[PDB]
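Below is input.cif, which holds mmCIF, N, CA and C atoms.
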data_protein
loop_
_atom_site.label_atom_id
_atom_site.label_comp_id
_atom_site.auth_asym_id
_atom_site.auth_seq_id
_atom_site.Cartn_x
_atom_site.Cartn_y
_atom_site.Cartn_z
N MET A 1 -54.03 -91.95 32.49
CA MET A 1 -54.99 -92.96 31.97
C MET A 1 -54.47 -93.53 30.66
N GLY A 2 -54.37 -92.66 29.65
CA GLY A 2 -53.88 -93.03 28.31
C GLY A 2 -53.90 -94.54 28.07
N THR A 3 -54.91 -95.01 27.34
CA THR A 3 -55.02 -96.44 27.03
C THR A 3 -54.27 -96.77 25.75
N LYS A 4 -54.36 -95.87 24.78
CA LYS A 4 -53.64 -96.07 23.53
C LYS A 4 -52.18 -95.72 23.76
N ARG A 5 -51.96 -94.62 24.47
CA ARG A 5 -50.61 -94.21 24.81
C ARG A 5 -49.94 -95.33 25.59
N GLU A 6 -50.75 -96.10 26.31
CA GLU A 6 -50.25 -97.22 27.09
C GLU A 6 -49.99 -98.40 26.17
N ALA A 7 -50.98 -98.73 25.35
CA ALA A 7 -50.85 -99.84 24.42
C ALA A 7 -49.74 -99.55 23.43
N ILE A 8 -49.63 -98.29 23.03
CA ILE A 8 -48.61 -97.89 22.09
C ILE A 8 -47.23 -98.15 22.69
N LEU A 9 -46.92 -97.46 23.78
CA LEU A 9 -45.62 -97.63 24.44
C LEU A 9 -45.36 -99.09 24.80
N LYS A 10 -46.38 -99.80 25.26
CA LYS A 10 -46.19 -101.20 25.63
C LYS A 10 -45.61 -101.96 24.44
N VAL A 11 -45.92 -101.49 23.24
CA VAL A 11 -45.44 -102.13 22.02
C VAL A 11 -44.14 -101.51 21.51
N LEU A 12 -44.06 -100.18 21.53
CA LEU A 12 -42.86 -99.52 21.04
C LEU A 12 -41.66 -99.94 21.87
N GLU A 13 -41.92 -100.28 23.12
CA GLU A 13 -40.87 -100.70 24.02
C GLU A 13 -40.32 -102.08 23.64
N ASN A 14 -41.10 -102.85 22.88
CA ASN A 14 -40.65 -104.19 22.46
C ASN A 14 -39.85 -104.08 21.19
N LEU A 15 -39.86 -102.91 20.59
CA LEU A 15 -39.08 -102.68 19.39
C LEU A 15 -37.61 -102.63 19.77
N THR A 16 -36.84 -103.57 19.24
CA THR A 16 -35.42 -103.64 19.55
C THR A 16 -34.67 -102.42 19.00
N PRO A 17 -33.59 -102.02 19.64
CA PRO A 17 -32.79 -100.83 19.23
C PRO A 17 -32.77 -100.58 17.72
N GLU A 18 -32.73 -101.65 16.92
CA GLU A 18 -32.72 -101.49 15.47
C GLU A 18 -34.09 -101.07 14.96
N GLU A 19 -35.14 -101.59 15.59
CA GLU A 19 -36.50 -101.26 15.19
C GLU A 19 -36.86 -99.88 15.70
N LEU A 20 -36.33 -99.53 16.87
CA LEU A 20 -36.59 -98.22 17.44
C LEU A 20 -36.06 -97.17 16.47
N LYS A 21 -34.84 -97.40 16.01
CA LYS A 21 -34.21 -96.47 15.09
C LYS A 21 -35.03 -96.38 13.81
N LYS A 22 -35.35 -97.53 13.23
CA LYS A 22 -36.13 -97.57 12.01
C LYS A 22 -37.51 -96.96 12.25
N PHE A 23 -38.09 -97.27 13.40
CA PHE A 23 -39.41 -96.73 13.75
C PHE A 23 -39.43 -95.22 13.53
N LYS A 24 -38.44 -94.54 14.10
CA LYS A 24 -38.34 -93.09 13.99
C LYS A 24 -38.32 -92.64 12.53
N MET A 25 -37.45 -93.26 11.74
CA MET A 25 -37.30 -92.91 10.34
C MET A 25 -38.46 -93.41 9.50
N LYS A 26 -38.89 -94.65 9.72
CA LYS A 26 -39.97 -95.20 8.93
C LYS A 26 -41.25 -94.42 9.15
N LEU A 27 -41.27 -93.54 10.14
CA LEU A 27 -42.45 -92.71 10.36
C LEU A 27 -42.50 -91.63 9.28
N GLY A 28 -41.32 -91.29 8.76
CA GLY A 28 -41.20 -90.27 7.72
C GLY A 28 -41.21 -90.91 6.33
N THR A 29 -41.92 -92.03 6.21
CA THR A 29 -42.04 -92.74 4.93
C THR A 29 -43.51 -92.88 4.56
N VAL A 30 -44.31 -93.27 5.54
CA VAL A 30 -45.74 -93.44 5.33
C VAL A 30 -46.39 -92.10 4.97
N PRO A 31 -46.94 -91.94 3.78
CA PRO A 31 -47.61 -90.66 3.39
C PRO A 31 -48.56 -90.15 4.48
N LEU A 32 -48.66 -88.82 4.62
CA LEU A 32 -49.55 -88.22 5.63
C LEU A 32 -50.64 -87.40 4.94
N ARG A 33 -51.77 -87.26 5.63
CA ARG A 33 -52.89 -86.50 5.10
C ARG A 33 -52.54 -85.02 4.97
N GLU A 34 -53.38 -84.30 4.24
CA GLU A 34 -53.17 -82.87 3.99
C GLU A 34 -52.49 -82.15 5.17
N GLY A 35 -53.31 -81.55 6.03
CA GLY A 35 -52.81 -80.78 7.17
C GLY A 35 -51.79 -81.55 8.02
N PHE A 36 -51.45 -82.77 7.62
CA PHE A 36 -50.48 -83.58 8.36
C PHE A 36 -49.21 -83.75 7.54
N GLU A 37 -48.08 -83.82 8.24
CA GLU A 37 -46.79 -83.95 7.58
C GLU A 37 -45.90 -84.96 8.29
N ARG A 38 -44.69 -85.08 7.78
CA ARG A 38 -43.70 -86.00 8.33
C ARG A 38 -43.25 -85.56 9.73
N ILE A 39 -42.49 -86.43 10.39
CA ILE A 39 -41.99 -86.15 11.73
C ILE A 39 -40.75 -85.23 11.65
N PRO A 40 -40.77 -84.07 12.28
CA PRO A 40 -39.59 -83.15 12.25
C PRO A 40 -38.27 -83.91 12.38
N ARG A 41 -37.24 -83.40 11.72
CA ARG A 41 -35.93 -84.04 11.73
C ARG A 41 -35.38 -84.20 13.15
N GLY A 42 -35.15 -83.08 13.82
CA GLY A 42 -34.59 -83.09 15.18
C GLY A 42 -35.47 -83.87 16.17
N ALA A 43 -36.67 -84.23 15.76
CA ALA A 43 -37.58 -84.97 16.64
C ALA A 43 -37.33 -86.48 16.58
N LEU A 44 -36.50 -86.91 15.64
CA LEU A 44 -36.24 -88.34 15.49
C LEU A 44 -35.23 -88.87 16.51
N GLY A 45 -33.98 -88.43 16.39
CA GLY A 45 -32.91 -88.90 17.29
C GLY A 45 -32.80 -88.06 18.56
N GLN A 46 -33.92 -87.53 19.04
CA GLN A 46 -33.92 -86.72 20.26
C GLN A 46 -34.94 -87.23 21.28
N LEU A 47 -36.13 -87.56 20.79
CA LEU A 47 -37.22 -88.04 21.63
C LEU A 47 -37.11 -89.54 21.95
N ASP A 48 -37.33 -89.90 23.21
CA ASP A 48 -37.31 -91.31 23.61
C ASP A 48 -38.67 -91.92 23.30
N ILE A 49 -38.83 -93.24 23.43
CA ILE A 49 -40.13 -93.86 23.13
C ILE A 49 -41.25 -93.11 23.84
N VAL A 50 -40.93 -92.45 24.94
CA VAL A 50 -41.94 -91.70 25.68
C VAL A 50 -42.29 -90.41 24.94
N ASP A 51 -41.29 -89.55 24.78
CA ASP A 51 -41.49 -88.29 24.08
C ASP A 51 -41.76 -88.53 22.60
N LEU A 52 -41.18 -89.60 22.06
CA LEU A 52 -41.41 -89.96 20.66
C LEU A 52 -42.87 -90.36 20.51
N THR A 53 -43.39 -91.01 21.54
CA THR A 53 -44.79 -91.40 21.56
C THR A 53 -45.65 -90.15 21.75
N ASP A 54 -45.27 -89.34 22.72
CA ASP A 54 -46.00 -88.11 23.00
C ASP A 54 -46.03 -87.23 21.75
N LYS A 55 -44.88 -87.09 21.10
CA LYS A 55 -44.79 -86.28 19.89
C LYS A 55 -45.68 -86.87 18.81
N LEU A 56 -45.70 -88.20 18.73
CA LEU A 56 -46.51 -88.89 17.74
C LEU A 56 -47.98 -88.73 18.11
N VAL A 57 -48.29 -89.12 19.34
CA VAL A 57 -49.64 -89.05 19.85
C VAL A 57 -50.11 -87.60 19.92
N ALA A 58 -49.23 -86.71 20.35
CA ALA A 58 -49.59 -85.29 20.45
C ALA A 58 -49.78 -84.66 19.07
N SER A 59 -48.92 -85.04 18.13
CA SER A 59 -48.98 -84.47 16.79
C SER A 59 -50.06 -85.11 15.92
N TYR A 60 -50.28 -86.42 16.07
CA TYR A 60 -51.26 -87.13 15.26
C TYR A 60 -52.49 -87.55 16.07
N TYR A 61 -52.47 -87.29 17.37
CA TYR A 61 -53.60 -87.68 18.22
C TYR A 61 -53.54 -89.18 18.51
N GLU A 62 -54.09 -89.57 19.65
CA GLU A 62 -54.10 -90.97 20.05
C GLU A 62 -54.77 -91.87 19.01
N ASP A 63 -55.81 -91.35 18.37
CA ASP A 63 -56.59 -92.14 17.40
C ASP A 63 -55.88 -92.35 16.07
N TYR A 64 -55.40 -91.28 15.44
CA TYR A 64 -54.73 -91.43 14.16
C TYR A 64 -53.31 -91.92 14.38
N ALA A 65 -52.74 -91.58 15.52
CA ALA A 65 -51.39 -92.05 15.81
C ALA A 65 -51.39 -93.57 15.75
N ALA A 66 -52.21 -94.18 16.60
CA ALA A 66 -52.30 -95.64 16.64
C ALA A 66 -52.41 -96.18 15.22
N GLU A 67 -53.20 -95.51 14.39
CA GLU A 67 -53.35 -95.92 13.00
C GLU A 67 -52.01 -95.77 12.29
N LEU A 68 -51.33 -94.65 12.56
CA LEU A 68 -50.02 -94.39 11.97
C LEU A 68 -49.01 -95.39 12.51
N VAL A 69 -49.02 -95.56 13.82
CA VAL A 69 -48.10 -96.50 14.46
C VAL A 69 -48.30 -97.90 13.90
N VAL A 70 -49.55 -98.35 13.87
CA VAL A 70 -49.87 -99.68 13.38
C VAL A 70 -49.22 -99.94 12.03
N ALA A 71 -49.59 -99.17 11.01
CA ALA A 71 -49.05 -99.38 9.67
C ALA A 71 -47.52 -99.42 9.64
N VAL A 72 -46.87 -98.70 10.55
CA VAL A 72 -45.41 -98.70 10.56
C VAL A 72 -44.90 -100.07 10.99
N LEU A 73 -45.39 -100.56 12.12
CA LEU A 73 -44.98 -101.87 12.59
C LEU A 73 -45.23 -102.91 11.50
N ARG A 74 -46.39 -102.82 10.86
CA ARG A 74 -46.73 -103.74 9.79
C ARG A 74 -45.63 -103.74 8.73
N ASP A 75 -45.09 -102.56 8.46
CA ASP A 75 -44.03 -102.42 7.46
C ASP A 75 -42.77 -103.15 7.90
N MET A 76 -42.54 -103.20 9.22
CA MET A 76 -41.36 -103.87 9.76
C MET A 76 -41.61 -105.37 9.92
N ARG A 77 -42.48 -105.91 9.07
CA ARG A 77 -42.82 -107.34 9.11
C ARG A 77 -43.41 -107.74 10.46
N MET A 78 -44.17 -106.82 11.07
CA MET A 78 -44.83 -107.08 12.35
C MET A 78 -46.34 -106.94 12.17
N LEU A 79 -46.90 -107.84 11.38
CA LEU A 79 -48.33 -107.83 11.07
C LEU A 79 -49.18 -108.22 12.28
N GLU A 80 -48.83 -109.33 12.93
CA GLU A 80 -49.59 -109.81 14.08
C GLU A 80 -49.56 -108.82 15.24
N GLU A 81 -48.38 -108.28 15.53
CA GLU A 81 -48.25 -107.33 16.63
C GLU A 81 -49.14 -106.11 16.42
N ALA A 82 -48.97 -105.43 15.29
CA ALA A 82 -49.77 -104.25 15.00
C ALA A 82 -51.26 -104.58 15.16
N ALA A 83 -51.60 -105.85 14.96
CA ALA A 83 -52.99 -106.28 15.10
C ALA A 83 -53.44 -106.08 16.54
N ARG A 84 -52.54 -106.35 17.48
CA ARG A 84 -52.86 -106.18 18.89
C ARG A 84 -53.13 -104.71 19.18
N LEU A 85 -52.51 -103.84 18.39
CA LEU A 85 -52.71 -102.40 18.57
C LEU A 85 -54.14 -102.05 18.17
N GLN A 86 -54.59 -102.59 17.04
CA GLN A 86 -55.93 -102.32 16.54
C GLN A 86 -56.98 -102.71 17.58
N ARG A 87 -56.58 -103.54 18.55
CA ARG A 87 -57.50 -103.98 19.59
C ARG A 87 -57.49 -102.98 20.75
N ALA A 88 -56.62 -101.98 20.66
CA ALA A 88 -56.53 -100.96 21.70
C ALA A 88 -57.73 -100.02 21.64
N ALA A 89 -58.92 -100.60 21.56
CA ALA A 89 -60.15 -99.81 21.50
C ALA A 89 -61.33 -100.61 22.05
#
Represent the supplied structure as structure tokens.
Amino acid sequence: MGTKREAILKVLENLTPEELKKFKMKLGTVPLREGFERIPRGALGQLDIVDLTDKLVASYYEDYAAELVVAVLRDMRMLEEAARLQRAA
């Protein structure tokens, strides 16, 4: 079913190889809440947009992930796109 996991991947898949790479790293830039931390090192250049999404969604949950994912795209000068993510509800 995964609607956010679907909306998420539908967008992460549009991230060009350069954005995909940055996406992984730029995830370890946005500050995280207390019990939350950065994305494990070996989890960056190992997980594909699928597992990278699962790891993101699984680690941050579909709800906060989307929030985390959104702000990242926004950082990559993708304000309008991330907006489409916010509609994934």
Can you pull out the residues contacting residue 10 in chain A? Cut-off 12 Å, using only C-alpha atoms, and skip same-chain residues under 4 positions away; I want them as an NGL selection string.
:A and (2-6 or 14-15 or 49-50 or 53 or 81-82 or 84-85 or 88)
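A distance cut-off of 12 Å around (-39.4, -84.2, 16.4), counting only C-alpha atoms, selects these protein and nucleic acid residues: residues 24, 25, 27, 28, 37, 38, 39, 40, 41, 42, 43, 44, 45, 46, 47, 48, 49, 51, 52, 53, 54, 55, 56, 57, 58 and 59 of chain A.
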Write the residues you've just listed into a file as an mmCIF file, keeping the file's coordinate frame, and include N, CA and C atoms for each of them.
data_model
loop_
_atom_site.group_PDB
_atom_site.id
_atom_site.type_symbol
_atom_site.label_atom_id
_atom_site.label_comp_id
_atom_site.auth_asym_id
_atom_site.auth_seq_id
_atom_site.Cartn_x
_atom_site.Cartn_y
_atom_site.Cartn_z
ATOM 1 N N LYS A 24 -38.440 -94.540 14.100
ATOM 2 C CA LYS A 24 -38.340 -93.090 13.990
ATOM 3 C C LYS A 24 -38.320 -92.640 12.530
ATOM 4 N N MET A 25 -37.450 -93.260 11.740
ATOM 5 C CA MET A 25 -37.300 -92.910 10.340
ATOM 6 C C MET A 25 -38.460 -93.410 9.500
ATOM 7 N N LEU A 27 -41.270 -93.540 10.140
ATOM 8 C CA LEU A 27 -42.450 -92.710 10.360
ATOM 9 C C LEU A 27 -42.500 -91.630 9.280
ATOM 10 N N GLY A 28 -41.320 -91.290 8.760
ATOM 11 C CA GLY A 28 -41.200 -90.270 7.720
ATOM 12 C C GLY A 28 -41.210 -90.910 6.330
ATOM 13 N N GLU A 37 -48.080 -83.820 8.240
ATOM 14 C CA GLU A 37 -46.790 -83.950 7.580
ATOM 15 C C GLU A 37 -45.900 -84.960 8.290
ATOM 16 N N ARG A 38 -44.690 -85.080 7.780
ATOM 17 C CA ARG A 38 -43.700 -86.000 8.330
ATOM 18 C C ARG A 38 -43.250 -85.560 9.730
ATOM 19 N N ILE A 39 -42.490 -86.430 10.390
ATOM 20 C CA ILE A 39 -41.990 -86.150 11.730
ATOM 21 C C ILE A 39 -40.750 -85.230 11.650
ATOM 22 N N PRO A 40 -40.770 -84.070 12.280
ATOM 23 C CA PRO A 40 -39.590 -83.150 12.250
ATOM 24 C C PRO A 40 -38.270 -83.910 12.380
ATOM 25 N N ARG A 41 -37.240 -83.400 11.720
ATOM 26 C CA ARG A 41 -35.930 -84.040 11.730
ATOM 27 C C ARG A 41 -35.380 -84.200 13.150
ATOM 28 N N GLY A 42 -35.150 -83.080 13.820
ATOM 29 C CA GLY A 42 -34.590 -83.090 15.180
ATOM 30 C C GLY A 42 -35.470 -83.870 16.170
ATOM 31 N N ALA A 43 -36.670 -84.230 15.760
ATOM 32 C CA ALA A 43 -37.580 -84.970 16.640
ATOM 33 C C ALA A 43 -37.330 -86.480 16.580
ATOM 34 N N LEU A 44 -36.500 -86.910 15.640
ATOM 35 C CA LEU A 44 -36.240 -88.340 15.490
ATOM 36 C C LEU A 44 -35.230 -88.870 16.510
ATOM 37 N N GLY A 45 -33.980 -88.430 16.390
ATOM 38 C CA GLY A 45 -32.910 -88.900 17.290
ATOM 39 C C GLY A 45 -32.800 -88.060 18.560
ATOM 40 N N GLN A 46 -33.920 -87.530 19.040
ATOM 41 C CA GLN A 46 -33.920 -86.720 20.260
ATOM 42 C C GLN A 46 -34.940 -87.230 21.280
ATOM 43 N N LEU A 47 -36.130 -87.560 20.790
ATOM 44 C CA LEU A 47 -37.220 -88.040 21.630
ATOM 45 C C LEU A 47 -37.110 -89.540 21.950
ATOM 46 N N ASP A 48 -37.330 -89.900 23.210
ATOM 47 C CA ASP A 48 -37.310 -91.310 23.610
ATOM 48 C C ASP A 48 -38.670 -91.920 23.300
ATOM 49 N N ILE A 49 -38.830 -93.240 23.430
ATOM 50 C CA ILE A 49 -40.130 -93.860 23.130
ATOM 51 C C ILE A 49 -41.250 -93.110 23.840
ATOM 52 N N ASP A 51 -41.290 -89.550 24.780
ATOM 53 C CA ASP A 51 -41.490 -88.290 24.080
ATOM 54 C C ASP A 51 -41.760 -88.530 22.600
ATOM 55 N N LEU A 52 -41.180 -89.600 22.060
ATOM 56 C CA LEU A 52 -41.410 -89.960 20.660
ATOM 57 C C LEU A 52 -42.870 -90.360 20.510
ATOM 58 N N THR A 53 -43.390 -91.010 21.540
ATOM 59 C CA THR A 53 -44.790 -91.400 21.560
ATOM 60 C C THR A 53 -45.650 -90.150 21.750
ATOM 61 N N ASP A 54 -45.270 -89.340 22.720
ATOM 62 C CA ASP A 54 -46.000 -88.110 23.000
ATOM 63 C C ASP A 54 -46.030 -87.230 21.750
ATOM 64 N N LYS A 55 -44.880 -87.090 21.100
ATOM 65 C CA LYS A 55 -44.790 -86.280 19.890
ATOM 66 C C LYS A 55 -45.680 -86.870 18.810
ATOM 67 N N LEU A 56 -45.700 -88.200 18.730
ATOM 68 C CA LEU A 56 -46.510 -88.890 17.740
ATOM 69 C C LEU A 56 -47.980 -88.730 18.110
ATOM 70 N N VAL A 57 -48.290 -89.120 19.340
ATOM 71 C CA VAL A 57 -49.640 -89.050 19.850
ATOM 72 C C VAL A 57 -50.110 -87.600 19.920
ATOM 73 N N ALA A 58 -49.230 -86.710 20.350
ATOM 74 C CA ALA A 58 -49.590 -85.290 20.450
ATOM 75 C C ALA A 58 -49.780 -84.660 19.070
ATOM 76 N N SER A 59 -48.920 -85.040 18.130
ATOM 77 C CA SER A 59 -48.980 -84.470 16.790
ATOM 78 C C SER A 59 -50.060 -85.110 15.920
#
Just the alpha helix (DSSP H) stuff from chain A, please, per backbone DSSP, written as a PyMOL selection string.
chain A and resi 4-12+17-26+49-75+79-86
Please, what distance in Å, to one decimal, runs between atom N of residue 7 in chain A and atom C of residue 60 in chain A?
14.6 Å
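The closest residue to residue 72 in chain A, picked from A:89, A:30, A:9, A:1 and counting only C-alpha atoms, is A:30.
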Kindly list the centre and edge lengths in Å, rounded to one decimal, for the axis-aligned box that covers all listed atoms of range 15-20 of chain A plus 5 Å on each of its six sides, as AutoDock Vina command-line options.
--center_x -36.3 --center_y -100.4 --center_z 17.8 --size_x 17.1 --size_y 16.5 --size_z 15.6
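Taking CA of residue 87 in chain A and CA of residue 17 in chain A as endpoints, the distance between them is 24.9 Å.
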Name the closest residue to residue 77 in chain A among the candidates A:65, A:19, A:34, A:29; distances are taken between atoms, counting only C-alpha atoms.
A:19
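Going from CA of residue 64 in chain A over to CA of residue 22 in chain A, you cover 19.7 Å.
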